[PDB]
file work-v1.tsv (TSV, N, CA and C atoms)
chain	number	residue	atom	x	y	z
D	9	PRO	N	58.71	-94.55	194.72
D	9	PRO	CA	59.34	-95.80	195.21
D	9	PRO	C	58.83	-97.02	194.40
D	10	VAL	N	59.68	-97.74	193.65
D	10	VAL	CA	59.13	-98.61	192.62
D	10	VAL	C	58.96	-99.95	193.34
D	11	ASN	N	57.84	-100.64	193.12
D	11	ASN	CA	57.66	-102.02	193.60
D	11	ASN	C	58.13	-102.92	192.54
D	12	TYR	N	59.35	-103.40	192.70
D	12	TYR	CA	59.96	-104.24	191.71
D	12	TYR	C	59.11	-105.45	191.36
D	13	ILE	N	58.40	-106.05	192.31
D	13	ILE	CA	57.63	-107.22	192.06
D	13	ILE	C	56.63	-106.93	190.95
D	14	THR	N	56.04	-105.73	190.94
D	14	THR	CA	55.01	-105.43	189.91
D	14	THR	C	55.60	-105.61	188.49
D	15	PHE	N	56.88	-105.26	188.35
D	15	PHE	CA	57.45	-105.19	187.03
D	15	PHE	C	58.36	-106.34	186.69
D	16	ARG	N	58.54	-107.27	187.60
D	16	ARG	CA	59.63	-108.26	187.41
D	16	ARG	C	59.53	-109.13	186.15
D	17	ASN	N	58.33	-109.27	185.59
D	17	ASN	CA	58.15	-110.08	184.41
D	17	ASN	C	58.12	-109.25	183.13
D	18	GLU	N	58.29	-107.93	183.27
D	18	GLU	CA	58.38	-107.08	182.02
D	18	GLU	C	59.64	-107.50	181.27
D	19	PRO	N	59.53	-107.73	179.94
D	19	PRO	CA	60.71	-108.13	179.17
D	19	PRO	C	61.93	-107.20	179.31
D	20	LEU	N	61.70	-105.87	179.38
D	20	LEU	CA	62.82	-104.99	179.58
D	20	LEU	C	63.59	-105.21	180.88
D	21	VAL	N	62.85	-105.67	181.88
D	21	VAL	CA	63.39	-105.88	183.23
D	21	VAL	C	63.92	-107.29	183.30
D	22	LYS	N	63.18	-108.31	182.84
D	22	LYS	CA	63.57	-109.64	183.06
D	22	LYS	C	64.66	-110.12	182.09
D	23	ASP	N	64.64	-109.57	180.85
D	23	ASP	CA	65.42	-110.27	179.81
D	23	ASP	C	66.60	-109.48	179.27
D	24	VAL	N	66.68	-108.18	179.55
D	24	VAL	CA	67.81	-107.37	179.02
D	24	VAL	C	69.04	-107.62	179.84
D	25	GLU	N	70.17	-107.95	179.25
D	25	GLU	CA	71.37	-108.31	179.96
D	25	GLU	C	72.54	-107.37	179.59
D	26	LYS	N	73.53	-107.15	180.49
D	26	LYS	CA	74.76	-106.46	180.18
D	26	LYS	C	75.43	-107.07	178.94
D	27	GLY	N	75.91	-106.26	178.04
D	27	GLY	CA	76.63	-106.71	176.89
D	27	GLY	C	75.76	-106.88	175.65
D	28	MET	N	74.42	-106.79	175.84
D	28	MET	CA	73.42	-107.04	174.74
D	28	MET	C	73.53	-105.90	173.72
D	29	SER	N	73.34	-106.23	172.45
D	29	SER	CA	73.32	-105.30	171.37
D	29	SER	C	72.03	-104.50	171.30
D	30	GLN	N	72.17	-103.33	170.68
D	30	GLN	CA	71.00	-102.50	170.45
D	30	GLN	C	69.86	-103.18	169.75
D	31	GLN	N	70.18	-104.04	168.75
D	31	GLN	CA	69.09	-104.70	168.08
D	31	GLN	C	68.37	-105.76	168.91
D	32	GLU	N	69.08	-106.45	169.80
D	32	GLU	CA	68.44	-107.41	170.67
D	32	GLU	C	67.52	-106.70	171.71
D	33	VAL	N	68.01	-105.55	172.21
D	33	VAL	CA	67.13	-104.85	173.08
D	33	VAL	C	65.87	-104.37	172.35
D	34	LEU	N	66.00	-103.89	171.10
D	34	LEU	CA	64.80	-103.48	170.37
D	34	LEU	C	63.74	-104.63	170.20
D	35	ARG	N	64.27	-105.82	169.92
D	35	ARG	CA	63.41	-106.99	169.83
D	35	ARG	C	62.69	-107.40	171.09
D	36	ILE	N	63.41	-107.27	172.22
D	36	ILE	CA	62.86	-107.68	173.48
D	36	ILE	C	61.86	-106.72	173.98
D	37	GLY	N	62.19	-105.44	173.84
D	37	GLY	CA	61.41	-104.36	174.54
D	37	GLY	C	60.44	-103.59	173.67
D	38	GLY	N	60.59	-103.75	172.35
D	38	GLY	CA	59.74	-102.94	171.42
D	38	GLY	C	60.23	-101.51	171.28
D	39	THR	N	59.43	-100.69	170.61
D	39	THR	CA	59.83	-99.34	170.29
D	39	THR	C	60.00	-98.46	171.54
D	40	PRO	N	61.21	-97.92	171.72
D	40	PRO	CA	61.33	-96.91	172.80
D	40	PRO	C	60.44	-95.76	172.72
D	41	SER	N	60.03	-95.21	173.85
D	41	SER	CA	59.41	-93.86	173.81
D	41	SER	C	60.31	-92.83	173.18
D	42	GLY	N	61.60	-92.95	173.45
D	42	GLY	CA	62.59	-92.06	172.95
D	42	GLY	C	64.01	-92.62	172.98
D	43	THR	N	64.92	-92.12	172.15
D	43	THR	CA	66.29	-92.50	172.13
D	43	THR	C	67.08	-91.22	172.15
D	44	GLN	N	68.27	-91.26	172.70
D	44	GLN	CA	69.16	-90.08	172.69
D	44	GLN	C	70.59	-90.48	172.95
D	45	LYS	N	71.48	-89.55	172.57
D	45	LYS	CA	72.83	-89.71	172.86
D	45	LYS	C	72.99	-89.47	174.35
D	46	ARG	N	73.89	-90.21	175.04
D	46	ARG	CA	74.16	-90.00	176.47
D	46	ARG	C	74.87	-88.67	176.63
D	47	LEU	N	74.38	-87.87	177.56
D	47	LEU	CA	74.99	-86.56	177.72
D	47	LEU	C	76.41	-86.60	178.18
D	48	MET	N	76.72	-87.44	179.17
D	48	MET	CA	78.01	-87.41	179.87
D	48	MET	C	79.00	-88.51	179.55
D	49	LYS	N	78.57	-89.59	178.90
D	49	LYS	CA	79.43	-90.81	178.61
D	49	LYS	C	79.31	-91.15	177.14
D	50	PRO	N	80.32	-91.86	176.55
D	50	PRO	CA	80.01	-92.35	175.20
D	50	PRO	C	78.77	-93.29	175.28
D	51	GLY	N	78.03	-93.33	174.19
D	51	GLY	CA	76.97	-94.35	174.01
D	51	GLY	C	75.63	-93.64	173.99
D	52	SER	N	74.55	-94.36	174.21
D	52	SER	CA	73.27	-93.87	173.93
D	52	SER	C	72.29	-94.49	174.95
D	53	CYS	N	71.11	-93.96	174.94
D	53	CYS	CA	70.14	-94.38	176.00
D	53	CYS	C	68.75	-94.49	175.34
D	54	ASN	N	68.01	-95.55	175.71
D	54	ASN	CA	66.62	-95.68	175.28
D	54	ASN	C	65.68	-95.48	176.45
D	55	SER	N	64.66	-94.68	176.23
D	55	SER	CA	63.69	-94.40	177.38
D	55	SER	C	62.43	-95.15	177.08
D	56	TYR	N	61.78	-95.68	178.13
D	56	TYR	CA	60.48	-96.42	178.01
D	56	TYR	C	59.56	-96.03	179.11
D	57	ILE	N	58.27	-96.31	178.88
D	57	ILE	CA	57.35	-96.24	180.01
D	57	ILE	C	56.82	-97.68	180.11
D	58	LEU	N	57.05	-98.29	181.26
D	58	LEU	CA	56.46	-99.62	181.50
D	58	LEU	C	55.03	-99.42	181.94
D	59	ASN	N	54.15	-100.30	181.47
D	59	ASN	CA	52.73	-100.16	181.82
D	59	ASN	C	52.26	-101.54	182.23
D	60	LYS	N	51.95	-101.70	183.50
D	60	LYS	CA	51.58	-103.01	183.99
D	60	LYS	C	50.57	-102.81	185.09
D	61	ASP	N	49.40	-103.44	184.92
D	61	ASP	CA	48.41	-103.48	186.04
D	61	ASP	C	48.01	-102.04	186.47
D	62	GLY	N	47.82	-101.20	185.48
D	62	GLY	CA	47.41	-99.82	185.69
D	62	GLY	C	48.44	-98.87	186.27
D	63	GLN	N	49.70	-99.30	186.27
D	63	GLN	CA	50.75	-98.49	186.87
D	63	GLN	C	51.72	-98.22	185.76
D	64	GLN	N	52.15	-96.97	185.64
D	64	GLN	CA	53.18	-96.56	184.70
D	64	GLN	C	54.50	-96.26	185.45
D	65	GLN	N	55.61	-96.66	184.80
D	65	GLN	CA	56.87	-96.50	185.43
D	65	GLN	C	57.94	-96.27	184.34
D	66	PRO	N	58.65	-95.15	184.42
D	66	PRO	CA	59.77	-94.92	183.49
D	66	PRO	C	60.84	-96.01	183.68
D	67	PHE	N	61.52	-96.31	182.56
D	67	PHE	CA	62.60	-97.26	182.57
D	67	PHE	C	63.57	-96.83	181.48
D	68	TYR	N	64.81	-97.18	181.63
D	68	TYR	CA	65.84	-96.89	180.56
D	68	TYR	C	66.69	-98.13	180.37
D	69	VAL	N	67.28	-98.20	179.17
D	69	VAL	CA	68.44	-99.05	178.95
D	69	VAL	C	69.56	-98.22	178.28
D	70	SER	N	70.74	-98.28	178.88
D	70	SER	CA	71.85	-97.51	178.29
D	70	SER	C	72.85	-98.45	177.68
D	71	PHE	N	73.57	-97.85	176.69
D	71	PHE	CA	74.54	-98.58	175.96
D	71	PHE	C	75.87	-97.84	176.00
D	72	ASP	N	76.98	-98.60	176.12
D	72	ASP	CA	78.29	-97.95	176.11
D	72	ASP	C	78.70	-97.48	174.70
D	73	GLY	N	79.92	-96.97	174.57
D	73	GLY	CA	80.36	-96.45	173.24
D	73	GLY	C	80.51	-97.53	172.18
D	74	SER	N	80.56	-98.77	172.59
D	74	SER	CA	80.67	-99.89	171.65
D	74	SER	C	79.29	-100.34	171.19
D	75	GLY	N	78.20	-99.78	171.78
D	75	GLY	CA	76.91	-100.22	171.39
D	75	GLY	C	76.30	-101.31	172.29
D	76	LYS	N	76.94	-101.60	173.42
D	76	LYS	CA	76.49	-102.79	174.20
D	76	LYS	C	75.85	-102.33	175.51
D	77	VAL	N	74.83	-103.02	175.97
D	77	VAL	CA	74.16	-102.55	177.21
D	77	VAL	C	75.16	-102.46	178.35
D	78	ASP	N	75.11	-101.36	179.06
D	78	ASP	CA	75.93	-101.14	180.28
D	78	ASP	C	75.05	-100.73	181.46
D	79	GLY	N	73.77	-100.59	181.25
D	79	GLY	CA	72.89	-100.17	182.38
D	79	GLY	C	71.45	-100.24	182.07
D	80	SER	N	70.63	-100.24	183.12
D	80	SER	CA	69.20	-100.12	182.97
D	80	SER	C	68.65	-99.74	184.33
D	81	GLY	N	67.47	-99.24	184.34
D	81	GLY	CA	66.94	-98.83	185.69
D	81	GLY	C	65.63	-98.07	185.54
D	82	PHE	N	65.01	-97.86	186.71
D	82	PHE	CA	63.63	-97.35	186.70
D	82	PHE	C	63.63	-95.81	186.74
D	83	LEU	N	64.20	-95.20	185.70
D	83	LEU	CA	64.18	-93.73	185.50
D	83	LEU	C	64.32	-93.45	184.02
D	84	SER	N	64.02	-92.24	183.60
D	84	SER	CA	64.16	-91.89	182.18
D	84	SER	C	65.57	-91.61	181.81
D	85	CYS	N	65.83	-91.59	180.50
D	85	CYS	CA	67.17	-91.21	180.08
D	85	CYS	C	67.59	-89.74	180.46
D	86	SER	N	66.64	-88.82	180.49
D	86	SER	CA	66.98	-87.46	180.89
D	86	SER	C	67.23	-87.37	182.38
D	87	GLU	N	66.54	-88.23	183.19
D	87	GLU	CA	66.94	-88.39	184.57
D	87	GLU	C	68.34	-88.94	184.75
D	88	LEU	N	68.66	-89.94	183.94
D	88	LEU	CA	69.96	-90.51	183.96
D	88	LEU	C	71.00	-89.40	183.67
D	89	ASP	N	70.72	-88.63	182.63
D	89	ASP	CA	71.72	-87.55	182.23
D	89	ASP	C	71.89	-86.62	183.40
D	90	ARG	N	70.75	-86.29	184.03
D	90	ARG	CA	70.76	-85.38	185.27
D	90	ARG	C	71.69	-85.98	186.36
D	91	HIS	N	71.54	-87.28	186.64
D	91	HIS	CA	72.43	-87.99	187.51
D	91	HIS	C	73.89	-88.13	187.12
D	92	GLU	N	74.21	-88.46	185.88
D	92	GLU	CA	75.63	-88.60	185.51
D	92	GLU	C	76.32	-87.21	185.54
D	93	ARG	N	75.57	-86.12	185.34
D	93	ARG	CA	76.17	-84.77	185.31
D	93	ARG	C	76.55	-84.33	186.70
D	94	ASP	N	75.67	-84.63	187.66
D	94	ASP	CA	75.92	-84.33	189.06
D	94	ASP	C	77.01	-85.22	189.65
D	95	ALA	N	76.91	-86.55	189.44
D	95	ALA	CA	77.77	-87.49	190.17
D	95	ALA	C	79.22	-87.44	189.74
call {"tool": "encode", "arguments": {"input": "work-v1.tsv", "output": "C-alpha cells"}}
result
Amino acid sequence: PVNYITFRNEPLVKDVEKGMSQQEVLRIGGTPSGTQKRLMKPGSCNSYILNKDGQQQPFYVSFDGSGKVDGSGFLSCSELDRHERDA
C-alpha cells in the first residue's frame, strides 16, 4: 500500500505529465532501471525504483505508440503488462 505523501516530491511523480516526450521524461527522472516494449498496447514502458527516506517503491512511465506519456503509476512495467493482459 503506497504512501503517496512519501513520494510526492519525486521528480517522476511530481513533474511527469501526459503527452510528454521520451526525452523529457529521461531528463526529469534519470536512467530507468529498465525499458521495454509494451506487451499489450502500442508504445513502450520505463521501469524505476523510487528510493526515498529508506523506502523503495517501483514506479513506471508508459508511452503510447506516438512516443508520448499516457500513464504512470506505482508498479513495474512487467506488472503493468500483467494487468493489461488480464483486463
call {"tool": "residues_around", "arguments": {"input": "work-v1.tsv", "residues": "region 67-71 of chain D", "least_positions_apart": "2", "cutoff": "8 Å", "atoms": "only N, CA and C atoms", "output": "PyMOL selection string"}}
result
chain D and resi 20+28-30+46+49-58+64-65+73-85
call {"tool": "write_last_selection", "arguments": {"input": "work-v1.tsv", "atoms": "N, CA and C atoms", "output": "PDB file, in the coordinates of the input"}}
result
ATOM      1  N   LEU D  20      61.700-105.870 179.380  1.00  0.00           N
ATOM      2  CA  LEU D  20      62.820-104.990 179.580  1.00  0.00           C
ATOM      3  C   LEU D  20      63.590-105.210 180.880  1.00  0.00           C
ATOM      4  N   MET D  28      74.420-106.790 175.840  1.00  0.00           N
ATOM      5  CA  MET D  28      73.420-107.040 174.740  1.00  0.00           C
ATOM      6  C   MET D  28      73.530-105.900 173.720  1.00  0.00           C
ATOM      7  N   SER D  29      73.340-106.230 172.450  1.00  0.00           N
ATOM      8  CA  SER D  29      73.320-105.300 171.370  1.00  0.00           C
ATOM      9  C   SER D  29      72.030-104.500 171.300  1.00  0.00           C
ATOM     10  N   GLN D  30      72.170-103.330 170.680  1.00  0.00           N
ATOM     11  CA  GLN D  30      71.000-102.500 170.450  1.00  0.00           C
ATOM     12  C   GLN D  30      69.860-103.180 169.750  1.00  0.00           C
ATOM     13  N   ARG D  46      73.890 -90.210 175.040  1.00  0.00           N
ATOM     14  CA  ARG D  46      74.160 -90.000 176.470  1.00  0.00           C
ATOM     15  C   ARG D  46      74.870 -88.670 176.630  1.00  0.00           C
ATOM     16  N   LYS D  49      78.570 -89.590 178.900  1.00  0.00           N
ATOM     17  CA  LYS D  49      79.430 -90.810 178.610  1.00  0.00           C
ATOM     18  C   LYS D  49      79.310 -91.150 177.140  1.00  0.00           C
ATOM     19  N   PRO D  50      80.320 -91.860 176.550  1.00  0.00           N
ATOM     20  CA  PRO D  50      80.010 -92.350 175.200  1.00  0.00           C
ATOM     21  C   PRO D  50      78.770 -93.290 175.280  1.00  0.00           C
ATOM     22  N   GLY D  51      78.030 -93.330 174.190  1.00  0.00           N
ATOM     23  CA  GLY D  51      76.970 -94.350 174.010  1.00  0.00           C
ATOM     24  C   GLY D  51      75.630 -93.640 173.990  1.00  0.00           C
ATOM     25  N   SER D  52      74.550 -94.360 174.210  1.00  0.00           N
ATOM     26  CA  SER D  52      73.270 -93.870 173.930  1.00  0.00           C
ATOM     27  C   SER D  52      72.290 -94.490 174.950  1.00  0.00           C
ATOM     28  N   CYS D  53      71.110 -93.960 174.940  1.00  0.00           N
ATOM     29  CA  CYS D  53      70.140 -94.380 176.000  1.00  0.00           C
ATOM     30  C   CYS D  53      68.750 -94.490 175.340  1.00  0.00           C
ATOM     31  N   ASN D  54      68.010 -95.550 175.710  1.00  0.00           N
ATOM     32  CA  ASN D  54      66.620 -95.680 175.280  1.00  0.00           C
ATOM     33  C   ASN D  54      65.680 -95.480 176.450  1.00  0.00           C
ATOM     34  N   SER D  55      64.660 -94.680 176.230  1.00  0.00           N
ATOM     35  CA  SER D  55      63.690 -94.400 177.380  1.00  0.00           C
ATOM     36  C   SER D  55      62.430 -95.150 177.080  1.00  0.00           C
ATOM     37  N   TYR D  56      61.780 -95.680 178.130  1.00  0.00           N
ATOM     38  CA  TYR D  56      60.480 -96.420 178.010  1.00  0.00           C
ATOM     39  C   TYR D  56      59.560 -96.030 179.110  1.00  0.00           C
ATOM     40  N   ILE D  57      58.270 -96.310 178.880  1.00  0.00           N
ATOM     41  CA  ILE D  57      57.350 -96.240 180.010  1.00  0.00           C
ATOM     42  C   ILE D  57      56.820 -97.680 180.110  1.00  0.00           C
ATOM     43  N   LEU D  58      57.050 -98.290 181.260  1.00  0.00           N
ATOM     44  CA  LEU D  58      56.460 -99.620 181.500  1.00  0.00           C
ATOM     45  C   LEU D  58      55.030 -99.420 181.940  1.00  0.00           C
ATOM     46  N   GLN D  64      52.150 -96.970 185.640  1.00  0.00           N
ATOM     47  CA  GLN D  64      53.180 -96.560 184.700  1.00  0.00           C
ATOM     48  C   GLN D  64      54.500 -96.260 185.450  1.00  0.00           C
ATOM     49  N   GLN D  65      55.610 -96.660 184.800  1.00  0.00           N
ATOM     50  CA  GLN D  65      56.870 -96.500 185.430  1.00  0.00           C
ATOM     51  C   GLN D  65      57.940 -96.270 184.340  1.00  0.00           C
ATOM     52  N   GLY D  73      79.920 -96.970 174.570  1.00  0.00           N
ATOM     53  CA  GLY D  73      80.360 -96.450 173.240  1.00  0.00           C
ATOM     54  C   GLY D  73      80.510 -97.530 172.180  1.00  0.00           C
ATOM     55  N   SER D  74      80.560 -98.770 172.590  1.00  0.00           N
ATOM     56  CA  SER D  74      80.670 -99.890 171.650  1.00  0.00           C
ATOM     57  C   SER D  74      79.290-100.340 171.190  1.00  0.00           C
ATOM     58  N   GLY D  75      78.200 -99.780 171.780  1.00  0.00           N
ATOM     59  CA  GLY D  75      76.910-100.220 171.390  1.00  0.00           C
ATOM     60  C   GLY D  75      76.300-101.310 172.290  1.00  0.00           C
ATOM     61  N   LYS D  76      76.940-101.600 173.420  1.00  0.00           N
ATOM     62  CA  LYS D  76      76.490-102.790 174.200  1.00  0.00           C
ATOM     63  C   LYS D  76      75.850-102.330 175.510  1.00  0.00           C
ATOM     64  N   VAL D  77      74.830-103.020 175.970  1.00  0.00           N
ATOM     65  CA  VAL D  77      74.160-102.550 177.210  1.00  0.00           C
ATOM     66  C   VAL D  77      75.160-102.460 178.350  1.00  0.00           C
ATOM     67  N   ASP D  78      75.110-101.360 179.060  1.00  0.00           N
ATOM     68  CA  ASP D  78      75.930-101.140 180.280  1.00  0.00           C
ATOM     69  C   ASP D  78      75.050-100.730 181.460  1.00  0.00           C
ATOM     70  N   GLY D  79      73.770-100.590 181.250  1.00  0.00           N
ATOM     71  CA  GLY D  79      72.890-100.170 182.380  1.00  0.00           C
ATOM     72  C   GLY D  79      71.450-100.240 182.070  1.00  0.00           C
ATOM     73  N   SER D  80      70.630-100.240 183.120  1.00  0.00           N
ATOM     74  CA  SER D  80      69.200-100.120 182.970  1.00  0.00           C
ATOM     75  C   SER D  80      68.650 -99.740 184.330  1.00  0.00           C
ATOM     76  N   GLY D  81      67.470 -99.240 184.340  1.00  0.00           N
ATOM     77  CA  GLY D  81      66.940 -98.830 185.690  1.00  0.00           C
ATOM     78  C   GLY D  81      65.630 -98.070 185.540  1.00  0.00           C
ATOM     79  N   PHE D  82      65.010 -97.860 186.710  1.00  0.00           N
ATOM     80  CA  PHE D  82      63.630 -97.350 186.700  1.00  0.00           C
ATOM     81  C   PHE D  82      63.630 -95.810 186.740  1.00  0.00           C
ATOM     82  N   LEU D  83      64.200 -95.200 185.700  1.00  0.00           N
ATOM     83  CA  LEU D  83      64.180 -93.730 185.500  1.00  0.00           C
ATOM     84  C   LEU D  83      64.320 -93.450 184.020  1.00  0.00           C
ATOM     85  N   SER D  84      64.020 -92.240 183.600  1.00  0.00           N
ATOM     86  CA  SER D  84      64.160 -91.890 182.180  1.00  0.00           C
ATOM     87  C   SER D  84      65.570 -91.610 181.810  1.00  0.00           C
ATOM     88  N   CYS D  85      65.830 -91.590 180.500  1.00  0.00           N
ATOM     89  CA  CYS D  85      67.170 -91.210 180.080  1.00  0.00           C
ATOM     90  C   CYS D  85      67.590 -89.740 180.460  1.00  0.00           C
TER      91      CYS D  85
END
call {"tool": "select_by_dssp", "arguments": {"input": "work-v1.tsv", "residues": "region 23-59 of chain D", "states": "helix (DSSP H, G or I)", "output": "PyMOL selection string"}}
result
chain D and resi 30-37
call {"tool": "residues_around", "arguments": {"input": "work-v1.tsv", "residues": "residue 14 (chain D)", "least_positions_apart": "5", "cutoff": "10 Å", "atoms": "only C-alpha atoms", "output": "PyMOL selection string"}}
result
chain D and resi 59-61+63
call {"tool": "atom_distance", "arguments": {"input": "work-v1.tsv", "atom1": "CA of residue 23 (chain D)", "atom2": "atom N of residue 48 (chain D)"}}
result
25.5 Å
call {"tool": "select_by_dssp", "arguments": {"input": "work-v1.tsv", "residues": "chain D", "states": "strand (DSSP E or B)", "output": "PyMOL selection string"}}
result
chain D and resi 29+42-45+52-60+63-71+76-81
call {"tool": "atom_distance", "arguments": {"input": "work-v1.tsv", "atom1": "atom C of residue 45 (chain D)", "atom2": "CA of residue 33 (chain D)"}}
result
16.5 Å
call {"tool": "atom_distance", "arguments": {"input": "work-v1.tsv", "atom1": "CA of residue 16 (chain D)", "atom2": "CA of residue 38 (chain D)"}}
result
16.9 Å
call {"tool": "closest_residue", "arguments": {"input": "work-v1.tsv", "among": "D:88, D:37, D:42, D:31", "to": "residue 19 (chain D)", "atoms": "only N, CA and C atoms"}}
result
D:37
call {"tool": "closest_residue", "arguments": {"input": "work-v1.tsv", "among": "D:12, D:47, D:41, D:21", "to": "residue 92 (chain D)", "atoms": "only C-alpha atoms"}}
result
D:47
call {"tool": "decode", "arguments": {"input": "work-v1.tsv", "residues": "region 39-51 of chain D", "atoms": "N, CA, C and O atoms", "output": "short mmCIF file (atom, residue, chain, number, x, y, z; two decimals), in the first residue's frame"}}
result
data_model
loop_
_atom_site.label_atom_id
_atom_site.label_comp_id
_atom_site.auth_asym_id
_atom_site.auth_seq_id
_atom_site.Cartn_x
_atom_site.Cartn_y
_atom_site.Cartn_z
N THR D 39 18.13 7.73 -15.50
CA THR D 39 18.17 6.45 -16.19
C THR D 39 17.17 5.44 -15.60
O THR D 39 17.16 5.20 -14.41
N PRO D 40 16.26 4.95 -16.45
CA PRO D 40 15.42 3.84 -15.96
C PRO D 40 16.12 2.65 -15.49
O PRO D 40 17.25 2.30 -15.99
N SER D 41 15.57 1.95 -14.51
CA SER D 41 16.08 0.58 -14.24
C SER D 41 16.00 -0.31 -15.45
O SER D 41 16.90 -1.10 -15.74
N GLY D 42 14.95 -0.15 -16.23
CA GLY D 42 14.71 -0.91 -17.40
C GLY D 42 13.72 -0.27 -18.37
O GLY D 42 12.97 0.60 -17.99
N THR D 43 13.76 -0.62 -19.65
CA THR D 43 12.85 -0.16 -20.65
C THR D 43 12.38 -1.39 -21.38
O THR D 43 13.14 -2.42 -21.44
N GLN D 44 11.18 -1.33 -21.91
CA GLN D 44 10.65 -2.45 -22.73
C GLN D 44 9.50 -2.00 -23.58
O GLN D 44 8.85 -0.93 -23.41
N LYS D 45 9.24 -2.82 -24.61
CA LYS D 45 8.12 -2.62 -25.40
C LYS D 45 6.91 -3.02 -24.59
O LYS D 45 6.97 -3.97 -23.79
N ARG D 46 5.77 -2.31 -24.72
CA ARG D 46 4.53 -2.67 -24.02
C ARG D 46 4.00 -3.97 -24.60
O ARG D 46 3.91 -4.08 -25.82
N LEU D 47 3.67 -4.90 -23.73
CA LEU D 47 3.21 -6.18 -24.24
C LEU D 47 1.92 -6.11 -25.00
O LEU D 47 1.82 -6.73 -26.06
N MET D 48 0.94 -5.38 -24.48
CA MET D 48 -0.43 -5.41 -25.00
C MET D 48 -0.91 -4.23 -25.81
O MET D 48 -1.95 -4.32 -26.42
N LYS D 49 -0.19 -3.10 -25.78
CA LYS D 49 -0.60 -1.81 -26.46
C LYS D 49 0.57 -1.31 -27.29
O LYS D 49 1.71 -1.64 -27.00
N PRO D 50 0.30 -0.47 -28.34
CA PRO D 50 1.50 0.16 -28.93
C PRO D 50 2.21 1.00 -27.83
O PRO D 50 1.57 1.52 -26.88
N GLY D 51 3.52 1.13 -27.99
CA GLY D 51 4.30 2.09 -27.19
C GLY D 51 5.23 1.31 -26.28
O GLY D 51 5.43 0.08 -26.47
#
